[PDB]
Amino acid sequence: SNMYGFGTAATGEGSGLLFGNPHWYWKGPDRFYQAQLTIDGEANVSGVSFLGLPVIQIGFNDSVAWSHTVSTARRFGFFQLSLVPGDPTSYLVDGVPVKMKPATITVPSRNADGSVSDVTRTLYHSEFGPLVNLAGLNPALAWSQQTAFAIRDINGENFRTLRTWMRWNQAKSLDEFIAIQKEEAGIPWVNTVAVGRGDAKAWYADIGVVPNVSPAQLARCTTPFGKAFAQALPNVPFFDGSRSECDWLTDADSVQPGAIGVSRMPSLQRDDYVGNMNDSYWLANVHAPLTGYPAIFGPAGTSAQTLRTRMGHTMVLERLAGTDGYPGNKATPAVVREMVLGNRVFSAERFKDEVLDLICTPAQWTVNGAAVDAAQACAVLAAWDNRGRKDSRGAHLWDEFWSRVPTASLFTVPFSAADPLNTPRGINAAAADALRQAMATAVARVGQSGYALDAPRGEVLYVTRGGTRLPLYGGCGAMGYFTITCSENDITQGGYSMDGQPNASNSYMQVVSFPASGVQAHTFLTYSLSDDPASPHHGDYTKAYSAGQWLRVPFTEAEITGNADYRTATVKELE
C-alpha cells in the first residue's frame, strides 16, 4: 500500500493533496466497495469500505481526506505459560494457580456423502488470550505437561475502531481529524496520512493500538524459546506468563490497558510531503526522519528500505525538483494522477545496466555445463526502458529474472542511514554466475509460457471482462514497482492473469484536493464494484483503469444530479 500527503509548499495551491493507494484483495469480503454516505446534519463522506462494514475507512469529506497503509508495528505477542503439575489446563502466575477458561464447541460438518456430522473440540483461553498451537512452528513448542503458549492481540479488547472512522467521516478539519485519532487511539494495524482544507501541512501518524513493553521486559521477560524467534518474528514480545511483571504496561495517557500512550507513538506534519510504502515510520519524510520511538514500531535507521519505499520517496523528490519528466515542479492533481501510474521499476532503473555489463558479454554462456544462448535476452533488456507499461517489451523477462536473483551478498555498497534511497547498491561481480543462472531460468520460463521475450507487457499482464483481455500495467513491489499489479499466477500458466485471486494490488485509488470550489476527487476501483459477472458494474471501472482514465466522482448534490448516468430510487421498510 502507498499513500502520499502533500502540503501547500509542494502543491503551490491553497490546499494540500492526498493520494490513497491501498494494495488489497481483488476478491473476497475484505475487498473495498466505493460509495458515498449523505446523512442529513451528520455527515457527507465518500470513499471505500470493506464489504460488510457500514462506515467509510478510506475516503474524504468536504474538509479532510485520508488513506491507510499496513504498519510494521507489531499488534500481538506470545506468552509462555508454566503449567500446574497434574493439570495441563491450569497455569501459574507468581506461584498462584489459574484455571484456563474452557469452551466445548460443536461444529456441524457436511461429509462428502451429503450427510452432516458433528465435530467437537474443547478450546481454552488464558487471561492473556487464546491458547495457541506453535507445534508446527517448532515441535519443541508443543503443549505439554510443563509449558503451553497463548497469543495476545491488543485489538481483542479494542472496540473504538468503527467509532474512530465514523468521527473522521464527520470531521470538519484536519485538526479535528488529528484530535479524534488521539482521543480514540483505535486504529488497529495501519498507518494514517491525511490532508485538510485550509491547512498548509500534511499529516502522518502510526497512532493506534500497539502492545506496550519496556526495554527491561524485552531483556528479562523473553524466555529461552522466545529468543529463538527473535529472527522470524522480530519485535514480537515473547514473554514469560508466570510473572506479572512481564504483563504489558499501561501509560498515563493510554486509552487501552497494555497499549502505548499517545505521546510515545510517532506522528509528523510537513508543508512539503509525508509518505509510507509499508516500511517503518522512519521515513515519513526523507528530509525529516523520525527516531526514538518504541522498537515495536519497527527499525528507524538500522534496516534497509524496500525497493518500493525507495521508489516511492524518489518519485516525490524528483517531482519537487522537476526532474521526473513531468511539467513543472509541483504535486498537482493532474501530475500526481500520472506519476502514480508511471510504472517505474526501481530494480531495473538502478541495477539493470550493472547486470547486463557483468553477464551479457560474452552472450554465449556455459550454465550448469550447458550451452545457453542469451543474446536475445540481453538485446531485449538493453532496449527496454525500465518501465512496466502496456507497450513495454521485455518487462516480464526482468520480472522472471529479478525474482530469482539471490540477495545474499548481492550488493557491495551497504545500507547507510545517510542514504536510505540509494543504498544498498552496487551489483557484486562475484554474483556473476548466480545471475546467469537466474537469467537462464528466466528465459526458459518465458519460453514455457508461449510469450516472446519482447512481448508487450499488456499481453502478459491482463484482466478478462466480457470475454476480452483488457491490457494492464504495473507489477510487483518486490521489483521496485510503485504501480502494483501483482498476479499470483505463474507466467507458464497463461501469463500474469488478474482474473483469479491476485496478490495485494491496486484497488481503490483516490487523488483528493480541496480547491476554492470544494473537494475534488478522482478515483479508480480496479476490479469494479460488482462480483456478479452479469452485472453492468463488473467491468466498467476496470475498462477505464486499463485505459488509465480516472473518474471524477460526483460529490455535491448538483454534481450527483447532473451526472450523465444519474438514476435515483428510494428504498423503505418498517424498522
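A residue's number is simply how far along the shown sequence it sits, counting from 1.
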Which is higher in the entry, the mean Cα B factor of 12-20 or that of 555-563?
12-20
Residue range whose averaged C-alpha B-factor is higher in the record, 418-426 or 111-119
111-119
For the C-alpha B-factor as written in the entry, point me to the maximum among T147, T72, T306, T314.
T147
According to the deposited entry, which of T441, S267, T291, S254 has the largest Cα B-factor?
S254
On the chain's distribution of Cα B-factors, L37 falls within the third called lowest
Would the CA B-factor of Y124 place it in the lowest, middle or highest third of its chain?
middle
Relative to the other modelled residues in the chain, which third contains the C-alpha temperature factor of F159: lowest, middle or highest?
highest
Looking at the C-alpha B-factor of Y496, is it in the lowest, middle or highest third of its chain?
middle
So, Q170's CA B-factor, relative to its chain, sits in which third? The middle
